[PDB]
Amino acid sequence: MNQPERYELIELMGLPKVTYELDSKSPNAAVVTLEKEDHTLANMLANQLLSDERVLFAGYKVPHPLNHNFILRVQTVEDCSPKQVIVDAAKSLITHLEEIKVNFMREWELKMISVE
Amino acid sequence: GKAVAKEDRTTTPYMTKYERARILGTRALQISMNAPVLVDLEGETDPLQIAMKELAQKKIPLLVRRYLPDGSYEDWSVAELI
Amino acid sequence: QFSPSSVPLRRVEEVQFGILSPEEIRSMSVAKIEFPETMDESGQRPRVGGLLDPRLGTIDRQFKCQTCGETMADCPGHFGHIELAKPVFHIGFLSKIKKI
Amino acid sequence: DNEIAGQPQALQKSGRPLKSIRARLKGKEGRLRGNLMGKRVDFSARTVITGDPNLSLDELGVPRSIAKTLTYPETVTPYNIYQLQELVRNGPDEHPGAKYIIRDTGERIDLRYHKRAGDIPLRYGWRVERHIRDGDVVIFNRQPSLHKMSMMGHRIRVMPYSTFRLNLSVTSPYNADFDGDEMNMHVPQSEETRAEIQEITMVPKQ
Amino acid sequence: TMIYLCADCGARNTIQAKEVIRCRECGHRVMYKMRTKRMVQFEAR
Amino acid sequence: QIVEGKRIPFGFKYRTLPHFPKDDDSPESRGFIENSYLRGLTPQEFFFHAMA
Amino acid sequence: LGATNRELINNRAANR
Amino acid sequence: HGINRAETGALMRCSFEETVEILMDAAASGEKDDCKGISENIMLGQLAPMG
Amino acid sequence: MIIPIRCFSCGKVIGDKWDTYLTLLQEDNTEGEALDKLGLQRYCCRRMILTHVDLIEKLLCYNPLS
Amino acid sequence: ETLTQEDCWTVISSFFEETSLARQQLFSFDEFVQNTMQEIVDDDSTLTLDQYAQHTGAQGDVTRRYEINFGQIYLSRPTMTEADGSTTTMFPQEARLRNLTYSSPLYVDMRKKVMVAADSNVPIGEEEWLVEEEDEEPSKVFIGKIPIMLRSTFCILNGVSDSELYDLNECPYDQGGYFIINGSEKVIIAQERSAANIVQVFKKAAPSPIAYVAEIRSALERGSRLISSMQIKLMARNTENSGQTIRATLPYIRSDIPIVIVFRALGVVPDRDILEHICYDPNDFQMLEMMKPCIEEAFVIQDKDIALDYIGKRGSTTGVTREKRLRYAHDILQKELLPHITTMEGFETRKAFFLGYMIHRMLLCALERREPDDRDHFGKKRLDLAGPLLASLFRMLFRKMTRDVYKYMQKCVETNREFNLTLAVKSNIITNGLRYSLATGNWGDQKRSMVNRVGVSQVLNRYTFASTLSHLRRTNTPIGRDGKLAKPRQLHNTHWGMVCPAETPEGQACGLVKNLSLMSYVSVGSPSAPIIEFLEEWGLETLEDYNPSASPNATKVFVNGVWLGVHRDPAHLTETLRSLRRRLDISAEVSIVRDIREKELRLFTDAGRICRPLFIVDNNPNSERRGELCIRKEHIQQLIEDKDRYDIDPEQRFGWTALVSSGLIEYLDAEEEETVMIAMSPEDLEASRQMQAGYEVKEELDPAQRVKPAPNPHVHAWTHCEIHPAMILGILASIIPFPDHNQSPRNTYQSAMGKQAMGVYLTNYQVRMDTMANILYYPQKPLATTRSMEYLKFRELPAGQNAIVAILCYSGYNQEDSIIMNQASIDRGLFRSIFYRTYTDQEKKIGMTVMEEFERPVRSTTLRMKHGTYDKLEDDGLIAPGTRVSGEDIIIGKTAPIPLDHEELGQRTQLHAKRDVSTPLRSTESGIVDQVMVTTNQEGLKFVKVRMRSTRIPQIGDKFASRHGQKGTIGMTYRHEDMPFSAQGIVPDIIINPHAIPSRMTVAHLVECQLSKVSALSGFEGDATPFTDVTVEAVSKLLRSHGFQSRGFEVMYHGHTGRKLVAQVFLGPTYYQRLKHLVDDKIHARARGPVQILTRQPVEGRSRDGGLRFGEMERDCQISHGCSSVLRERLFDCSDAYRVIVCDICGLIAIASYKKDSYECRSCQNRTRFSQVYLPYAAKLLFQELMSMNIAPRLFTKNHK
Amino acid sequence: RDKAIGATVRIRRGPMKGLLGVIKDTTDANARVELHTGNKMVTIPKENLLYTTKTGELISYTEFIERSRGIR
RNA sequence: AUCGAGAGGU
């Protein structure tokens, strides 16, 4: 009776998909809230960010399992912005996944040809 | 019941926790019923928070009539209580 | 909250226990109770002087008590009295009566 | 008195002893132990308890349905008239909303059965029974209540699902665990009671 | 008017106003109502 | 295994179960479980532990 | 008795 | 035996195990209750004079 | 009742193997061997064929008709 | 040539093939119906009325005698007669549906007779009766209807095959053993009591004036079965009296008679005779020394007549002549003293002998030579089953019916009206009495409800097949459930094999409510006459000729507590009796106990003795198989061969009975277990046998196995051996896997929780319109099973599922006994259930006018219509199957006419003539109308039952439990991607906290998980039977053979990060149970709503929108907090706030009119001085209740100093 | 007395589009609707519901008012 | 609705 509708895991209900705020407590630090997103995006995004030298801090948390969203705090060096490093990491991940895709498809075609 | 003089008062000069709870509740109840607020409001909407901020500035216009076991009593201002 | 009353609201500071005197019971009563019946021959109303005398209070949300004219939510219920044929012992007081 | 020793009981026509006045006044279920020193109370919920590691020590997680049922009678003043108007607009079925409006004369407007509930301007001195919302103060307890620490104050967090969720470290004062225990929640209905719960009874103060 | 099913036969019996509930091929005094005509929709989750 | 502060009582005549002889004060007869929960209780030990 | 019970069960329609 | 022997208010004592007997004794003696206890004020619905 | 369509844990479709499982059992195959021949490698997927009880068949015996 | 555990389970399988789990109920009821009813009828067969000739002065006065003889009873099969008068055979399912008692009518042959006194001048009682008129043949007369126990020999389902059970809508798994009363199933709970005809000596505790008491509860074998009880009290030493006096408390005597006086009343006047009766050894001086004081006390009476006068003066009647007193004393001494010994003339010698025996026993306990008796020894207690109880009830009801018939005779004779046999009997007596006792459980007459026993009949528990099996085998000890007497509650030593050690409820009824073990047999009783005849012919010396002095070393022989005589060679007698019973020449229920220290040979044949079967060890001196079981391997092979063979006659196969009749199995009760030596298993017998043959009995022992104590060298011969220890458990304790690896309260907790597990309770739940039913979608049989499950049929109708459980700390949402459930597993149907509820309604009627109609009520005519929806009702006032309802939606539309004379304020327009009495759905429930059954009731009025179904999916807050007392609620659900996984991708269904394991020491849970993993991998079923050689080491080797870590650990990866957890997880399948405790069934919130009419406080109950109790302890907690306003709000503003006006002069509530604002006190003539008091309504009610007792509680608002 | 209450309806637009139900209650703006599945209970704007007629047709809200007015 | 009985929960 008090169940939430499962579509609430995928529907924004008017919420913004991405929220970006500047962390005032720390310099060059920002908090990015992603709604209806979970560890799938957050884990890889934070790992890619930490592959970057301009990123001093990169962490994420899911405040409650009963809310589908996650917060990502990123702090960069003075010469760069958190938004730019986040975008660069996202673009790099997109490219990486693209090679994963292309090489998987090529190997699958080769293997199927071998089957025949 | 005889009122004790201000100089003769022997009870504690501090606000007791029960006195603090009663004072905050009474002032909040009076505020909720449109009692004039004796402190500047920064947009607070809860009467209890308004009463708390009045207390911090000792702006609650209330007394405590502490009764001694024999029936004599002492009136303490919420402002003068520590 | 309750319906308005002009009588001032006061705190009870004293519960004085006692025994109701026969004169107190007779005077404080609003209806003398004589008939064992509750309902009447007509049935549309209880027996006047039975055990549901309208002067004795209202338990029907419909009507208003004759004694006070108030609804069932404001009538506290009034007391009748039975005139016994001859006095009987109060079982609660039997030991005290014996001692006296 | 129908429990006289050495006398025959005044039986019922169904072969049962009559309920004498002494029996009405006597016992745990009598007036003075079942109706005066103890009572059934309004504005109280009860349900199973589960654990929430993400709750604050002083927070109680309350189901949405219970939050919709229980209400707090907040008085309308110049300081809350706008938010109270918004809550009245939301209605008894949308949380956070409101269920009743109490006028100056005492008449009780039911917002469900009032055809145009949302279009009622509020006037100072009225009251709005608004759904209990996040951060409200409630008494929370388990039975048996063996000591003071079995009734403590908590701040509400209205949240899905039907269990009362509470911090793990608060189980010990309640002697509670999540194998089936049920706990009770009482909603204070006045500013004085709220002040007392918040200033004396709250979990951190305990 | 109302059709019921003989709890033994399952046969359609058209009982009328104030008639003994009995089965006319099976004498059974227990019958069941028939599925409503309203729309019945269930989500498969 | 201790029942009312004492070893398993002689509920039969001078024995705890019909599986021992009369007047057996040995540890096994009176409710001493030398097994562990991992290893398992024998039926007599199971009954004595149930009594406790 | 078993045979009688069988007879009574099977013919409950006829014996009714 | 000990609690009800105490010279407390009638209502406070009748709230413990001897209700009708204690009330009958209080009535018989014409007893008077100060309403200074907790049980009495709670029964009468007044703010208890304690705490 | 009736064999579930998918496994509770693995989500593998088992509702199309109950008849095959029974037929394998009829051919002098142990339950383990039969489950192996059905390609049920995860013990979570195996438990549901192993421990299924077919109450549908018993519920079908109370047919109002013959 | 040694018996194996497989052979033991073949023997147990044969036992359960020939024995049903409801066998005790069924056999007790069969005994009552077949035999006991006829005996009850015979014991009051004749009714005689003597019409003497009143001296009216008219010639023709002749005395007459009228006689009615009750003959044989005939019980037909259950039938129903309808409103139209048609009579048909009734079937159990139709009875359940239409709310009919499933009872069979009973007829009795009555014959009438009229005789004329030969001469009317003869003194009363001496008239010679001449046969005047006699009925040529008897009249078969219907006297009542006896409820018939289901599946009993008189039920329509007896001897009926499975296919015909389906045709009747009956579950083949149902075992019967209950009654259908007004549609509801009722089971009779066995009632425990202390045995009759046994002498028990009890030491009274100081400072009681009595030191010891010997009590016998004497009962006639069949003559009302228990009337008289006697006591023999020894009085405590007093500083005034140097000796202790023995006084006999007898029925109908107001004082305790000194024992010597009652001896003299029996004719044993000389002191030497009395002390020969009591002190069988003249040389023993302590006994005689203790008897001397009572002789001193009783010298004033030296003759039988004076003793009888002394007894009579102390009778209940005072102011009577000496002759009548002496007659009364002799009548008491003959009839009301030890009636079980005898009640006929000339038997004072035997009663004196038994009284001396009782005194000797009591003084043996007073000399501290023997220990007092144990009131809780199980061999001294009897279980009354449905048979004996229904027998007592029927005896009472038949006596009442015969009293009615006699009153009819008297009334007809007085008015000279013709006497008709059919009109004489009020058949409603027996029918209504049996129906009422079985329906309410109040056991006895309707008019003695308080004095009657209660709870003898309980609604059968249809929550799970195992719960029903348990309920059919439940015993209740009627001890005070509030008095704290731990001894009756404790598990006694003698409970071994008779009662389940584990299954007992927690709480007040802990230890008092018990459950029979699997193989425990309760005796139904057999005649004692054949046994007495065999004793007499084999050399029993009667008690009349017995002289203790001549034979002091001879052994007393008892039968059913009656000292029949003395035997000189009791060993040979006992062997002969045991041999006869081992051939079934004697009934197998007969207890043959030879007490060697007490020189007794007690025989028992009565009903209520719990027995259990045991192997017999060959002990014959010349046998070649000393110390080996009588049952060979050949007999086991015969059991296997005859199990399948169906061409053989059903009654001539080799099965359980063939083992008992062949002398290979023996039933022993607790009394007889005291004289036998029982090996715990055939391997123990063998080990003892080599130990006794000189072999060292030594070998290399698997270190993982249980360690057994070395064979006792002090035991040279075993008399019996147990078939299997696992048989000491009950229905539910037999479902636990490895119960011997758990801490015992965990076994008890599982035995309690297995009743509440959701499963399929009966296969025919579809056609059953039960009030409540919970069904599991996809029940699975456990992977780890006990061999006892085959007989409990848990695999056929299981009540749980095998969930993949990981013991892990994952996110901390499974702490304090919570669990995390996979949400994907829930979505796929894990632990999903169906909830069925049924609402019953029917047409009422009074007089000749029907005042109820199933109709769709209309606003325009029906007054006081509910607020629910009437739009879902059909034209016949009902709701069709398949429709959707919620909350307060009306599912049955019913209206009742209003009298035309009623005028309700004009709200009842001229059109308004009826009132709505419809049936709304429960406010807290919603669902789909599953079914709507329509029929007619016994009275020919319309009768409807509406069954709703509602699917329940597991959610947060729902109770689940393992089979090891590990209960929890769901705290959180995670989806497939978010849960830890293995390298195969196995995701657990449930995650439980590690912290649940250590303190509780439920090692059986871990062993179960490992074994279930092994069985799921290999496909072989896992044997979790207790007391087997299945070790954790062997299971570990099996698990390692499948490529898994031997102890059940698995490397798991984190779902959130895919990282490999630092700790390895214990992951595997475990059998979990969905419990009937669902959070939505419990969630309740009240703001405001209904109040009680009298106190005006929130009503009780979730279902009725009631408030929660703010009790005494909560008030104390808020007092210690110091929150005065919190208490004022909770107890005044939120419960029963009320206002009154009090008079300031007299302090009494005044007459207040707030409309006119006028207040008055007529007593004081006060109209100006008043006060307004806010108080609870309960306080004003209390004050008015006091004023009703002339107590004036006066409220003064100003200090009247 | 609203004419919508008791009327079978399907959800037109929103995440719960396509679900059947019956209007238990109705405010001026939203209708409280009893869905046939999962014992669900919702509040849906009247404009978001197709209404089922006697002939099996689905009509819009404004069409429902135009039908209820009875003008013709 | 009331009363009584019983089964359960922590």
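Below, read A as the first sequence line, B as the second, and so on, with proteins coming before strands; counting in each chain starts at 1.
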For J/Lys1082, answer base if it contacts any base atom (sugar-phosphate contacts may also be present), sugar-phosphate if it contacts only those atoms, and nothing otherwise; contact means non-hydrogen atoms under 4.0 Å. nothing
Ring centre gap for J/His471 and J/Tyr178 strictly below 6.0 Å: no
Go through the structure and list residues passing salt bridge (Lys or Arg N to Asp or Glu O under 4.0 Å) with J/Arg462, not counting sequence neighbours. J/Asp174, J/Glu185
Residues which pass side-chain hydrogen bond (donor to acceptor under 3.5 Å, both in side chains) with J/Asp384, listed by chain and number, not counting sequence neighbours: J/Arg193
Which residues satisfy the side-chain hydrogen bond (donor to acceptor under 3.5 Å, both in side chains) test with J/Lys894, sequence neighbours excluded? J/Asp841
Categorize J/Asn442 for me: base, sugar-phosphate, or nothing, with a 4.0 angstrom heavy-atom threshold over every strand shown. nothing
Taking any heavy-atom pair under 4.0 Å as a contact, classify D/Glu182: base, sugar-phosphate, or nothing. nothing
With RNA chain L as reference, determine whether J/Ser449 or D/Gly180 sits nearer its 5' end, using the nearest nucleotide of each. J/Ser449
Which part of the nucleic acid, if any, lies within reach of J/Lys186 when heavy atoms closer than 4.0 Å are counted: base, sugar-phosphate only, or nothing? nothing
So what does J/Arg453 touch, heavy atoms closer than 4.0 Å: a base, only the sugar-phosphate, or nothing? nothing
Would you indicate what D/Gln12 reaches in the nucleic acid, counting non-hydrogen atoms under 4.0 angstrom: base, sugar-phosphate, or nothing? nothing
With sequence neighbours left out, what residues match J/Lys186 under salt bridge (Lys or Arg N to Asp or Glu O under 4.0 Å)? none
Mapping J/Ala509 and D/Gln143 onto RNA chain L by nearest heavy atom, which one lands closer to the 5' end? J/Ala509
Just to verify, what does D/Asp177 make a side-chain hydrogen bond (donor to acceptor under 3.5 Å, both in side chains) with, not counting sequence neighbours? none
Terminal contacting nucleotides, 5' and 3', RNA chain L versus chain D (heavy atom, 4.0 Å): L/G4 to L/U10
